[PDB]
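Structure first, commentary second.
FYI, the numbering just counts along the sequence from 1. Computation of the quantities below employed the complete heavy-atom set of this structure, encompassing side-chain atoms and omitting hydrogens, waters and symmetry-equivalent molecules.
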Amino acid sequence: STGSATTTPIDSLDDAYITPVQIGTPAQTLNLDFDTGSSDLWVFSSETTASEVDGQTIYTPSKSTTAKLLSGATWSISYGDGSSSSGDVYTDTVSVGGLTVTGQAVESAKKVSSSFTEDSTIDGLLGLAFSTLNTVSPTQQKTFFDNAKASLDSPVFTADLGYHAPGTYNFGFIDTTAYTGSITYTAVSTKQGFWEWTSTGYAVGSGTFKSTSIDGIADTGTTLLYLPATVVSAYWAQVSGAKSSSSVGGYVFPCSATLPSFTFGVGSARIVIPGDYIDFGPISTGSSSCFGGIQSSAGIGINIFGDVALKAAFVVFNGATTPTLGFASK
């Protein structure tokens, strides 16, 4: 089997991407944030504290003839940006782009933190990291990909995120028309439960390539590119007027600037992030100070190849016995 679904930016800045997901019988379609940095599939639901729902589409398991309460199971998660959610668990039928999993754990939110409530466009998350990170207790549950894997034509999924445009998540096949040149594959460590890999270095604009190992995670659920302070300083030094602002919470730059590109290494190959991808607009409405898309990972504890990086590439998440990551230009 295979599946193919379109993923769409939630706003004009590409702050996140939503992908429609069918849950239950008859289908209830929810728009979920596919997140290769976590491993829970959770949804706004009929059980969510009413004051914490503001415009989201909810899953109502009592209206699904295939929903079954997973007795005794609870879940609770906290994300790197400080947001959180928790609740109980159903199993139900879940389909993505024509690909169907029966008995998928659907984690029903009783509580969500304010940032989720305030984002009316995201109805929940669909985790695509390794199932070892799944928070369901006392019996850990598998991700959608993990459940689908054995049935897929090939045990892979691909992320093809658009810049200010729709893109595609495919399951079970590699669309050879969706990228240019060849796919370069690179080793993955699953030791922390993430799609963790080591970039071979970077360049700023038309500058020379610096060969240096950068360990980080491929994370579709993080907006920006978070890299070591040395790398990030080298980038923003090429933008007149750019500075790190403690009060804003990162590097800002004059909105009148032209940003240089940023290149990262995948083995001997190179992925180029155009300067425009690194512009996240005014820090506040009407400001001429703009927020940067490359930020320091210092104090995160891990480097994160988030959407800013990933949307510059066609990315293969290879879930073979020994997982690997593939990157192609497009």
Side-chain angles (χ1 to χ4, degrees), residues 13-16 35-38 78-83 129 186-189 192-242 244-255 257-267 269-284 287 289-313 315 325 327:
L13 298 176
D14 296 345
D15 281 316
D35 179 15
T36 63
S38 67
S78 305
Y79 296 102
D81 67 358
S83 72
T186 196
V188 164
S189 172
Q192 289 189 98
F194 300 120
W195 292 91
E196 187 170 2
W197 65 290
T198 300
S199 172
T200 46
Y202 70 101
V204 178
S206 57
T208 60
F209 188 85
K210 174 75 172 182
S211 293
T212 185
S213 295
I214 305 170
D215 181 293
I217 66 171
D219 187 358
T220 58
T222 292
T223 313
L224 306 186
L225 172 55
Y226 295 87
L227 294 171
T230 48
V231 179
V232 175
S233 183
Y235 178 80
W236 288 109
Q238 295 306 308
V239 181
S240 187
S244 180
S245 169
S246 153
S247 61
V248 175
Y251 281 89
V252 296
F253 69 94
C255 292
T258 297
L259 298 175
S261 63
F262 185 90
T263 301
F264 65 93
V266 183
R270 307 288 178 253
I271 300 293
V272 180
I273 306 171
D276 285 348
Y277 290 27
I278 298 160
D279 174 22
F280 278 73
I283 60 172
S284 289
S287 179
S289 177
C290 274
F291 197 69
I294 296 177
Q295 297 293 344
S296 178
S297 66
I300 294 177
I302 198 158
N303 300 303
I304 306 173
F305 295 88
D307 298 334
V308 164
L310 301 183
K311 76 182 157 192
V315 190
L325 273 174
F327 292 84

(request) Output, in order, the C-alpha distance, side-chain angles, deciding distance and verdict of side chain to side chain contact (heavy atoms under 4.5 Å, CB included) for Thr186 and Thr198. (result) CA-CA 8 Å; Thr186 196; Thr198 300; over 6 Å; no
(message) For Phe291, run the side-chain contact (heavy atoms from CB on, under 4.5 Å) check against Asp279, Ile278, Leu224 and tell me which one passes.
(response) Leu224
Taking C-beta and beyond as the side chain, do [X] and [Y] meet within less than 4.5 Å on heavy atoms?
X: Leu259; Y: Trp236; answer: yes
X: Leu310; Y: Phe327; answer: yes
X: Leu225; Y: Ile304; answer: no

Using atom types as modelled and distance alone, determine if a side-chain donor or acceptor of [X] lies under 3.5 Å from a backbone N or O of [Y].
X: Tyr235; Y: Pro260; result: yes
X: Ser211; Y: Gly201; result: no
X: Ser261; Y: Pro274; result: no

(message) Determine whether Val266 and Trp197 satisfy the following criterion, side chain to side chain contact (heavy atoms under 4.5 Å, CB included), listing intermediate values before the conclusion.
(response) CA-CA 9 Å; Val266 183; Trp197 65 290; 4.0 Å; yes
How close do [X] and [Y] get, counting heavy atoms only, and between which atoms?
X: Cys255; Y: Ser289; result: SG-C, 3.5 Å
X: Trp195; Y: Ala129; result: NE1-CA, 3.9 Å
X: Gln295; Y: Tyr251; result: OE1-N, 2.8 Å
X: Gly267; Y: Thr200; result: O-OG1, 2.8 Å
X: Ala257; Y: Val239; result: CB-CG1, 3.9 Å
X: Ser287; Y: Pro282; result: O-CB, 3.4 Å

Nearest 0.5 angstrom please: [X] [atom1] to [Y] [atom2], how far?
X: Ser247; Y: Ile283; atom1: OG; atom2: CD1; value: 7.0 Å
X: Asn303; Y: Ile217; atom1: CG; atom2: CD1; value: 9.5 Å
X: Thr222; Y: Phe305; atom1: OG1; atom2: CZ; value: 12.5 Å
X: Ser189; Y: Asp215; atom1: OG; atom2: CG; value: 7.5 Å
X: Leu227; Y: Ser233; atom1: CG; atom2: OG; value: 12.5 Å
X: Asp219; Y: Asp307; atom1: CG; atom2: CG; value: 7.5 Å

(request) Go through the steps to decide whether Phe264 and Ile273 satisfy the test side chain to side chain contact (heavy atoms under 4.5 Å, CB included), and finish with yes or no. (result) CA-CA 8 Å; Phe264 65 93; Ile273 306 171; 4.0 Å; yes
(request) Quick one: do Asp15 and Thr223 satisfy side chain to side chain donor-acceptor pair (under 3.5 Å)? Show the steps, please. (result) CA-CA 6 Å; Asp15 281 316; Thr223 313; 4.8 Å; no
(request) Given side chain to side chain contact (heavy atoms under 4.5 Å, CB included), test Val272 with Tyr277 step by step and report yes or no. (result) CA-CA 10 Å; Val272 180; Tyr277 290 27; over 6 Å; no
